[PDB]
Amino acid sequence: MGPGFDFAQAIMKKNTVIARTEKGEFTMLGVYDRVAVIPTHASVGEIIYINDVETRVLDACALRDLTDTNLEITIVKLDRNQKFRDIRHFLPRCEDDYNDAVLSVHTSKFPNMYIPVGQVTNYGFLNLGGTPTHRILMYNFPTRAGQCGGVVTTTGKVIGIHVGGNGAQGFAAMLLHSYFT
C-alpha cells in the first residue's frame, strides 16, 4: 500500500523460501549465497524441506551472545543449486529501536501476508517459552502461531525474524550485519 510494504514485498519475492522441519512450516529468510536464518526452536537437522524439496543441511549454528545467552537465531547453510540475492547491506550494524515496521510471512497457512506492526522497541531480555533470550525486539500486534520466521523490515532495513508472542505483543530476534561476515 506504501513504501514500507514496497520494501517488504521486494524482500519476500526474492529472499524467502518455505522451510519445513519436524516442528512445522516456517518463513525462512535467505541472506547471501546458500546461507539462510530460521528460529532455533525450528530444530533444524541434517535434512530440511525447502519449497517441498528434500535438501541436505551443510552446516547449522544456533547463535548465543558472549554471555552464553540464547539469541533464538539459527544460521543454516543449504545444499541448494541456487544462491540468494545478497541482502547483507540491508542489515543494521547495532541494536536499535525503529518506527513503522512490517512483519511479512509466506507459508501454506499464511500466503503473501504483510502486517503493519508499528513502533518496534529494543526490549532486550525475554523469557521466551522458558528460555532466557537476549536482543529481543517487541511490537504491539497480537501475532499468532505460524508466523515464526516472519521477516521484520523498515524502509531500507531488514531488522529481525519473528520468534514468538504473548497474545497481545509479538517478539523478533535481531538480525545484525556482524552475524553474516
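Counting begins at 1, following the sequence as shown.
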Mean C-alpha B factor from the entry: is it higher for 25 to 33 or for 151 to 159? 151 to 159
As stated in the PDB record, which stretch has the larger average Cα B-factor, 95 to 103 or 73 to 81? 95 to 103
Looking only at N127, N112, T40, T55, the Cα with the top B-factor belongs to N127
Sort the modelled residues of this chain by their C-alpha B factor and say whether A10 lands in the lowest, middle or highest third. middle
Sorting the chain's modelled residues by C-alpha B-factor and splitting them into thirds places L63 in the middle
Within-chain third of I48 by Cα B-factor, per the entry: lowest
